[PDB]
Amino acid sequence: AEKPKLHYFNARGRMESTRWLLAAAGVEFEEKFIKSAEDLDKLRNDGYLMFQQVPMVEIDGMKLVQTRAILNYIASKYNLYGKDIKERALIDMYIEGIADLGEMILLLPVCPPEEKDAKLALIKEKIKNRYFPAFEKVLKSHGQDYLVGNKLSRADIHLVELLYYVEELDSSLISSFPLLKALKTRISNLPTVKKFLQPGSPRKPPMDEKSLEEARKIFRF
């Protein structure tokens, strides 16, 4: 059958959570890297990008854009979206909080230098006093290895991805949250996730100066 194909540039950006979810599901996929503004303009002009943006993923005969549309489809297709409407409500609540915090961190490299220190201080406050307490409370309420329904869901994958990024910012932020530490360890030892964390996978590194320079050239900003 059709192997999913991911269109993005060679960076984490807004495509990385899709790489994580597919890899955790054990799904082999291909990447086609946008390398220039001209490559992106070609995808646009040829009609493959509904809103003239990437990420775009070719899957099951669709040319899907919008990261949440992509992720919702992949999660349902591979049984990572709970078992019923009520479990989906819990999953959706959890992953939208993860997305809110993830978006703050995603945009740090494009923060104006005079605002960066204060932006980071606000993110750390929210991590320590709002988001990490909320997810620690979920894990403590039921004591299970997984956030919802006692089985792996996209919520476990998205949260553990975020925990790795929080660790890159400040490895002390998770220190008072032992259940989050334990989730990070367990999920990382799942065979599919372990393979994704090992070298040679589609997992991408933190954006550096040269990668930011490429992004400015490709996306003209």
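Note that residue numbering follows the sequence shown and begins at 1. So that the term is clear: the rigid core is the largest set of C-alpha atoms that superpose within 1.5 Å between two forms.
S.K.: Output the stretch, either 205-213 or 9-17, that has more C-alpha displacement from this form in 5 other deposited structures of this protein following superposition by the rigid core.
M.R.: With the rigid core fitted, 205-213 is the stretch that strays more in 5 other deposited structures of this protein.
S.K.: Do the CA atoms of 199-207 or those of 12-20 have the higher mean B-factor in the entry?
M.R.: According to the entry, 199-207 carries the higher average C-alpha B-factor.
S.K.: For the C-alpha atoms alone, is the average B factor greater in 65-73 or in 22-30, going by the entry?
M.R.: The stretch with the larger mean CA B-factor is 22-30.
S.K.: Based on the PDB record, which member of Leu147, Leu80, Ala121, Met93 exhibits the highest Cα temperature factor?
M.R.: Of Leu147, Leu80, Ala121, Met93, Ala121 has the highest C-alpha B-factor.
S.K.: Highest Cα B-factor in the deposition, which of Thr185, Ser36, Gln52, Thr192?
M.R.: In this record, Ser36 carries the highest C-alpha B-factor of the candidates.
S.K.: Grab the CA temperature factor for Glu136 from the record and place it in the lowest, middle or highest third of its chain.
M.R.: For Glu136, whose C-alpha B-factor we compare with every modelled residue in the chain, the answer is the lowest third.
S.K.: What third of the chain, by the recorded C-alpha B-factor, contains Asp170?
M.R.: It falls in the top third of the chain.
S.K.: In terms of the chain's CA B-factor thirds, is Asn45 lowest, middle or highest?
M.R.: For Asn45, the deposited C-alpha B-factor lands in the middle third.
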